[PDB]
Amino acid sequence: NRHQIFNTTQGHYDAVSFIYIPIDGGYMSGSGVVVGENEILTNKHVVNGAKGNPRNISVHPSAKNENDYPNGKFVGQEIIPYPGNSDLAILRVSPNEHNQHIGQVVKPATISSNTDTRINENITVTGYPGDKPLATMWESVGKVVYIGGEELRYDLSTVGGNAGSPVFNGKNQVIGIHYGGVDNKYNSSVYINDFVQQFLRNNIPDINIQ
């Protein structure tokens, strides 16, 4: 089942972040997770449409609802796509209006080495589902179903559009980034394997992998 998170600044929820991009009086919304001093991990397809101007992307770490942004807003500055064919991107944001960096106002997430990740492992997927009220954070309890290459799949536990949402193991470490799935079969995330970890290390000097 899925449940809303109201204590969005406590513990490992602090780094979970709401991503908002306006489009012609509508918008695109998604999720990501703070992983560095100025860096959000998310999907390529969340930020793709703003490659021409990252400043159109608003990031609200620890957002609670559309009227409650406990850690304010950070504006996109640079997008660093993962070079492989996985739906993964680093979004670098500028400091906020008080000159704070996003990695100072939230504790950046811990990335799992994934040495112990296995089928049937209990996981959570936490972020901003597209079928819920705007900017509300939700946690879904799931089970890993497949691990191969850069793909981690888990059971039909999340719905509504969960692009960019971090997948956490039981130690509250990020093992992957939700991007999609196959309808009525499984959900899919970018698996943070050895290849993905090196990409993070190359771009995020203060990355925390445990």
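The first residue of the sequence shown is number 1, and the count goes up from there.
The PDB entry reports B-factors from which the mean C-alpha value can be compared for 19-27 and 6-14; the larger average falls on 19-27.
The mean Cα B-factor in the deposited entry runs higher for 75-83 than for the other of 123-131 and 75-83. Ranking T42, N162, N48, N184 by Cα temperature factor from the entry places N48 first. Ranking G180, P166, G149, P61 by Cα temperature factor from the entry places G149 first. When the CA B factors of the chain's modelled residues are split into thirds, the value for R55 lands in the highest one. Sort the modelled residues of the chain by CA B factor and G176 lands in the lowest third.
In the PDB entry, a CA B factor belonging to the highest third of its chain's modelled residues is recorded for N99. Sort the chain's modelled residues by C-alpha temperature factor and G32 lands in the lowest third, per the entry. Placement of the Cα temperature factor of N114 within the chain: middle third of the modelled residues, per the deposited record.
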